[PDB]
Amino acid sequence: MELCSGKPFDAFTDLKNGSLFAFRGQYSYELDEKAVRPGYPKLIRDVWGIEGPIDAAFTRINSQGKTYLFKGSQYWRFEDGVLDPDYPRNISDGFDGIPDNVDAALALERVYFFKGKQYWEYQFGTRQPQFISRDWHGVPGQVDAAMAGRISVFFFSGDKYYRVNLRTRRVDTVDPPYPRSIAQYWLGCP
Ligand SMILES: [Cl-]
Ligand code: NA
Ligand code: NA
């Protein structure tokens, strides 16, 4: 289906360079103001060389800007358009302490994995899990995808999303308020 169908998403990543990718079922959506065809539905198998649906994605903030895609117990690492050699790997081999079948991830060098009501911090070692709702104020303990900007993170749940200020770690006050339509207020779909 197309970007503006209103259906929930499976994953997002901000490449931290002006471009980002959304994932839903078998489809990958490149979202960049520089794109000749922004939001053109392409097959994940065609762009990333793997079968959808994926569970989570993130892109590291460092120089190399590697993209990580998660599905089940496995992850794939990409750079410069291409799957790195020695991928896929088991999550346990790259991310000790992080569970399988995650719901979401984001990168600020701190990475956060989300699964049910809990999240895990990873630094390039893992800690005890904490509660999403305790540390991300106004975010319920159920997220489908996440992505990190410069001053905000976004949490996606069904057909709606939340924006959280990174300083306050609280959902921002806007009008109409969060949670609100991904299609209408985040993608700027008709
Ligand atoms: Cl995600
Ligand atoms: Na997800
Ligand atoms: Na993400």
# chains A, B, ... in the order shown; residues from 1 in each chain; ligands from 1
$ closest_atom_pairs --of "region 50-168 of chain A" --to "region 23-29 of chain A" --cutoff "8 Å" --atoms "only C-alpha atoms" --output "Markdown table"
| residue | atom | partner | partner_atom | distance |
| --- | --- | --- | --- | --- |
| A:51 | CA | A:26 | CA | 6.8 |
| A:52 | CA | A:26 | CA | 4.6 |
| A:53 | CA | A:25 | CA | 4.5 |
| A:54 | CA | A:23 | CA | 7.3 |
$ residues_near_ligand --ligand "ligand 1" --cutoff "7 Å" --atoms "only C-alpha atoms and all ligand atoms" --output "PyMOL selection string"
chain A and resi 10-13+55-58+103-106+144-147
$ write_last_selection --atoms "C-alpha atoms" --output "PDB file, in the first residue's frame"
ATOM      1  CA  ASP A  10       6.566  -1.144  11.742  1.00  0.00           C
ATOM      2  CA  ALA A  11       9.778   0.980  12.029  1.00  0.00           C
ATOM      3  CA  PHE A  12      11.394   4.403  11.391  1.00  0.00           C
ATOM      4  CA  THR A  13      15.009   5.582  11.287  1.00  0.00           C
ATOM      5  CA  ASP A  55      10.522  -4.928  14.056  1.00  0.00           C
ATOM      6  CA  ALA A  56      12.747  -1.813  14.540  1.00  0.00           C
ATOM      7  CA  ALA A  57      15.470   0.363  12.954  1.00  0.00           C
ATOM      8  CA  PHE A  58      18.048   2.989  14.035  1.00  0.00           C
ATOM      9  CA  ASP A 103       8.975  -3.125  19.253  1.00  0.00           C
ATOM     10  CA  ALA A 104      11.198  -0.055  18.501  1.00  0.00           C
ATOM     11  CA  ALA A 105      14.703   1.476  18.743  1.00  0.00           C
ATOM     12  CA  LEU A 106      16.315   4.941  18.493  1.00  0.00           C
ATOM     13  CA  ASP A 144       5.228   0.348  17.357  1.00  0.00           C
ATOM     14  CA  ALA A 145       8.267   2.431  16.223  1.00  0.00           C
ATOM     15  CA  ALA A 146      10.497   5.340  17.345  1.00  0.00           C
ATOM     16  CA  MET A 147      12.892   7.817  15.742  1.00  0.00           C
TER      17      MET A 147
END
$ select_by_dssp --residues "region 34-114 of chain A" --states "strand (DSSP E)" --output "PyMOL selection string"
chain A and resi 42-43+56-59+67-71+74-79+82-83+89-90+104-107+110-114
$ residues_around --residues "residue 121 (chain A)" --least-positions-apart "2" --cutoff "12 Å" --atoms "only C-alpha atoms" --output "list in words"
residues 95, 96, 97, 98, 99, 105, 106, 107, 108, 109, 110, 111, 112, 113, 114, 115, 118, 119, 123, 124, 125, 126, 127, 128, 129, 130, 131, 132 and 135 of chain A
$ residues_around --residues "residue 32 (chain A)" --least-positions-apart "4" --cutoff "7 Å" --atoms "only C-alpha atoms" --output "list in words"
residues 18, 19, 20 and 38 of chain A
$ write_last_selection --atoms "C-alpha atoms" --output "CSV table (one decimal), in the first residue's frame"
chain,number,residue,atom,x,y,z
A,18,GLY,CA,18.1,15.1,6.5
A,19,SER,CA,16.7,11.7,5.1
A,20,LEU,CA,14.7,9.0,6.9
A,38,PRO,CA,9.4,11.1,-1.8
$ residues_around --residues "residue 90 (chain A)" --least-positions-apart "4" --cutoff "9 Å" --atoms "only C-alpha atoms" --output "MDAnalysis selection string"
chainID A and resid 73:75 94:95 100
$ write_last_selection --atoms "N, CA, C and O atoms" --output "mmCIF file, in the first residue's frame"
data_model
loop_
_atom_site.group_PDB
_atom_site.id
_atom_site.type_symbol
_atom_site.label_atom_id
_atom_site.label_comp_id
_atom_site.auth_asym_id
_atom_site.auth_seq_id
_atom_site.Cartn_x
_atom_site.Cartn_y
_atom_site.Cartn_z
ATOM 1 N N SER A 73 15.142 -12.435 16.021
ATOM 2 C CA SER A 73 16.410 -12.547 16.792
ATOM 3 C C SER A 73 17.612 -12.004 16.002
ATOM 4 O O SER A 73 18.744 -12.102 16.506
ATOM 5 N N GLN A 74 17.374 -11.446 14.810
ATOM 6 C CA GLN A 74 18.433 -11.098 13.828
ATOM 7 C C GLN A 74 18.481 -9.576 13.615
ATOM 8 O O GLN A 74 17.433 -8.907 13.756
ATOM 9 N N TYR A 75 19.654 -9.061 13.246
ATOM 10 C CA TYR A 75 19.817 -7.666 12.784
ATOM 11 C C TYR A 75 20.793 -7.628 11.616
ATOM 12 O O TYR A 75 21.667 -8.497 11.521
ATOM 13 N N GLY A 94 25.662 -8.853 18.977
ATOM 14 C CA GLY A 94 25.934 -7.402 18.862
ATOM 15 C C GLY A 94 25.549 -6.623 20.105
ATOM 16 O O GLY A 94 26.199 -5.625 20.376
ATOM 17 N N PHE A 95 24.513 -7.060 20.815
ATOM 18 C CA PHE A 95 23.782 -6.284 21.847
ATOM 19 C C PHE A 95 23.464 -7.185 23.051
ATOM 20 O O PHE A 95 22.300 -7.590 23.234
ATOM 21 N N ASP A 100 15.077 -10.311 22.007
ATOM 22 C CA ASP A 100 14.639 -10.519 20.607
ATOM 23 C C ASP A 100 13.259 -9.890 20.463
ATOM 24 O O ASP A 100 12.701 -9.504 21.499
#
$ residues_around --residues "region 159-175 of chain A" --least-positions-apart "3" --cutoff "7 Å" --atoms "only C-alpha atoms" --output "mmCIF file with N, CA, C and O atoms, in the first residue's frame"
data_model
loop_
_atom_site.group_PDB
_atom_site.id
_atom_site.type_symbol
_atom_site.label_atom_id
_atom_site.label_comp_id
_atom_site.auth_asym_id
_atom_site.auth_seq_id
_atom_site.Cartn_x
_atom_site.Cartn_y
_atom_site.Cartn_z
ATOM 1 N N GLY A 6 -2.870 5.501 5.909
ATOM 2 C CA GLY A 6 -3.316 5.709 7.302
ATOM 3 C C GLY A 6 -3.008 4.514 8.192
ATOM 4 O O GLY A 6 -3.305 4.585 9.410
ATOM 5 N N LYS A 7 -2.450 3.444 7.623
ATOM 6 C CA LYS A 7 -2.166 2.183 8.357
ATOM 7 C C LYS A 7 -0.948 2.421 9.243
ATOM 8 O O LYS A 7 -0.077 3.221 8.918
ATOM 9 N N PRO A 8 -0.873 1.781 10.424
ATOM 10 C CA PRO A 8 0.308 1.871 11.277
ATOM 11 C C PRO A 8 1.613 1.478 10.573
ATOM 12 O O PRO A 8 1.574 0.812 9.556
ATOM 13 N N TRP A 136 9.856 8.277 30.079
ATOM 14 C CA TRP A 136 9.369 9.011 28.877
ATOM 15 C C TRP A 136 7.955 9.506 29.190
ATOM 16 O O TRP A 136 6.978 8.765 28.935
ATOM 17 N N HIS A 137 7.852 10.700 29.783
ATOM 18 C CA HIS A 137 6.621 11.168 30.484
ATOM 19 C C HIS A 137 5.527 11.498 29.469
ATOM 20 O O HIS A 137 5.750 12.374 28.638
ATOM 21 N N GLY A 138 4.400 10.796 29.563
ATOM 22 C CA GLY A 138 3.236 10.923 28.664
ATOM 23 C C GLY A 138 3.239 9.895 27.548
ATOM 24 O O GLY A 138 2.313 9.915 26.737
ATOM 25 N N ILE A 151 16.373 17.613 18.545
ATOM 26 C CA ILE A 151 15.832 18.136 19.837
ATOM 27 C C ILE A 151 14.627 17.316 20.343
ATOM 28 O O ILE A 151 14.263 17.508 21.505
ATOM 29 N N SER A 152 14.042 16.445 19.510
ATOM 30 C CA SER A 152 12.837 15.637 19.827
ATOM 31 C C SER A 152 13.063 14.162 19.473
ATOM 32 O O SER A 152 13.875 13.864 18.568
ATOM 33 N N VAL A 153 12.364 13.268 20.163
ATOM 34 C CA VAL A 153 12.155 11.881 19.676
ATOM 35 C C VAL A 153 10.666 11.744 19.370
ATOM 36 O O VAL A 153 9.830 12.514 19.938
ATOM 37 N N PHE A 154 10.345 10.818 18.487
ATOM 38 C CA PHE A 154 8.948 10.510 18.107
ATOM 39 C C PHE A 154 8.655 9.055 18.458
ATOM 40 O O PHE A 154 9.479 8.166 18.102
ATOM 41 N N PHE A 155 7.537 8.840 19.145
ATOM 42 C CA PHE A 155 7.002 7.496 19.453
ATOM 43 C C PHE A 155 5.705 7.303 18.668
ATOM 44 O O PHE A 155 4.835 8.182 18.699
ATOM 45 N N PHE A 156 5.633 6.200 17.936
ATOM 46 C CA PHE A 156 4.497 5.825 17.059
ATOM 47 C C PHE A 156 3.731 4.674 17.712
ATOM 48 O O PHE A 156 4.367 3.721 18.169
ATOM 49 N N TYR A 178 -0.926 15.621 21.156
ATOM 50 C CA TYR A 178 -0.505 14.206 20.998
ATOM 51 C C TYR A 178 -1.401 13.362 21.899
ATOM 52 O O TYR A 178 -1.815 13.822 22.951
ATOM 53 N N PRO A 179 -1.776 12.123 21.528
ATOM 54 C CA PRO A 179 -1.340 11.505 20.279
ATOM 55 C C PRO A 179 -2.219 11.950 19.101
ATOM 56 O O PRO A 179 -3.419 12.130 19.296
ATOM 57 N N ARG A 180 -1.624 12.122 17.922
ATOM 58 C CA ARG A 180 -2.387 12.581 16.733
ATOM 59 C C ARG A 180 -1.896 11.857 15.496
ATOM 60 O O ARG A 180 -0.888 11.112 15.582
ATOM 61 N N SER A 181 -2.647 12.032 14.408
ATOM 62 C CA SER A 181 -2.564 11.224 13.179
ATOM 63 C C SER A 181 -1.166 11.342 12.574
ATOM 64 O O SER A 181 -0.690 12.479 12.356
ATOM 65 N N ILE A 182 -0.544 10.193 12.319
ATOM 66 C CA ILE A 182 0.749 10.079 11.599
ATOM 67 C C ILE A 182 0.540 10.649 10.194
ATOM 68 O O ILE A 182 1.320 11.544 9.802
#
$ select_by_dssp --residues "chain A" --states "alpha helix (DSSP H)" --output "count of residues only"
12
$ closest_residue --among "A:39, A:72, A:85, A:140" --to "ligand 2" --atoms "only C-alpha atoms and all ligand atoms"
A:72
$ residues_around --residues "residue 67 (chain A)" --least-positions-apart "3" --cutoff "9 Å" --atoms "only C-alpha atoms" --output "VMD selection string"
chain A and resid 13 15 57 to 60 76 to 79
$ atom_distance --atom1 "CA of residue 2 (chain A)" --atom2 "CA of residue 70 (chain A)"
22.3 Å
$ closest_residue --among "A:83, A:143, A:36, A:47" --to "ligand 2" --atoms "only C-alpha atoms and all ligand atoms"
A:143
$ closest_residue --among "A:61, A:69, A:102, A:91" --to "residue 148 (chain A)" --atoms "only C-alpha atoms"
A:61
$ atom_distance --atom1 "CA of residue 116 (chain A)" --atom2 "CA of residue 158 (chain A)"
13.9 Å
